[PDB]
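Two versions of one and the same chain are coming, encoded as structure tokens; call them structure 1 and structure 2.
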Structure 1
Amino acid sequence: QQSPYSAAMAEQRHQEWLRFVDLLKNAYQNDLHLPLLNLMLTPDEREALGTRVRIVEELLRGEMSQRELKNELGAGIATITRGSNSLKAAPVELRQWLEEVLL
């Protein structure tokens, strides 16, 4: 399956990663996370994260917005179809009265 080494390295990676998460967790409940993050990340890496959060918002707002559009269209067409069927179901009296308020 896997070497005795690669497995120890995999395990170490995981522990070290967990430890970072916990370090940052704790720093939060202490108001030290701004200092810690300055220690853990260069200025360019922080900018990069700041940039990535903005990218995520743009991707999300983009998709949200395409979705609201596709749903508007969907609903606009469904309403025409549904209007059509309901028109066929209307009683003659309603149909003629409607026809008559048209003419």
Structure 2
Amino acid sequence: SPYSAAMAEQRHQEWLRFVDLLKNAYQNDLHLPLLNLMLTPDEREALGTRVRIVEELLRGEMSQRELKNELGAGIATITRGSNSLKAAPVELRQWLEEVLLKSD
């Protein structure tokens, strides 16, 4: 079937419902049980790996091929990361540099 702006609107509301639910879970200290409920073990592992990739890409010490060898992540995975980082708002990149990199 063709793309539907109407269906896109439904998907968008459902996504924000998750975002807002998680926001409130953090406020009540229920984020860990909520994330354990909402994600699979494999998704949780993937997110932990993705943070490492973003940190190393921001750092710029390792080449992308070195990262693949070091973390076990395939090139396709690293590329998705690199492309998403390049597409992010500058303010998010600046904040990630502040929190993920050590002062120096």
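Shifts are known only where both forms have a C-alpha. What we label the rigid core is the largest C-alpha set whose atoms superpose within 1.5 Å from one form to the other. When a residue number appears, read it as a position in the sequence of structure 1, where counting begins at 1.
Item to check | Flagged residue of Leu59, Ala75, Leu34, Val53 - C-alpha shift reaching 2 Å or more between the two structures, core superposed | outcome: Of all the options, the C-alpha that shifts by at least 2 Å belongs to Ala75.
Next on the checklist: If the two forms are fitted on the core, does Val21 show a Cα displacement reaching 2 angstroms between the two structures?
Outcome noted: For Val21, whose C-alpha is compared between the two structures after core superposition, the shift is less than 2 Å.
Next on the checklist: With a threshold of 2 Å on the C-alpha, tell me if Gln12 counts as moved between the two structures once the core is superposed.
Outcome noted: No; that C-alpha moves by less than 2 Å between the two structures.
Checklist entry - By how many angstrom is the Cα of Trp97 displaced between the two structures when the rigid core is overlaid? => result Comparing the two forms, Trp97 shifts 51.6 Å at C-alpha.
Checklist entry - Okay, core lined up, where does the chain shift between the two structures, counting runs of 3 or more residues with each Cα at least 2 Å away? => result The segments that shift (3 or more residues, C-alpha shift of 2 Å or more) are 3-5, 63-103.
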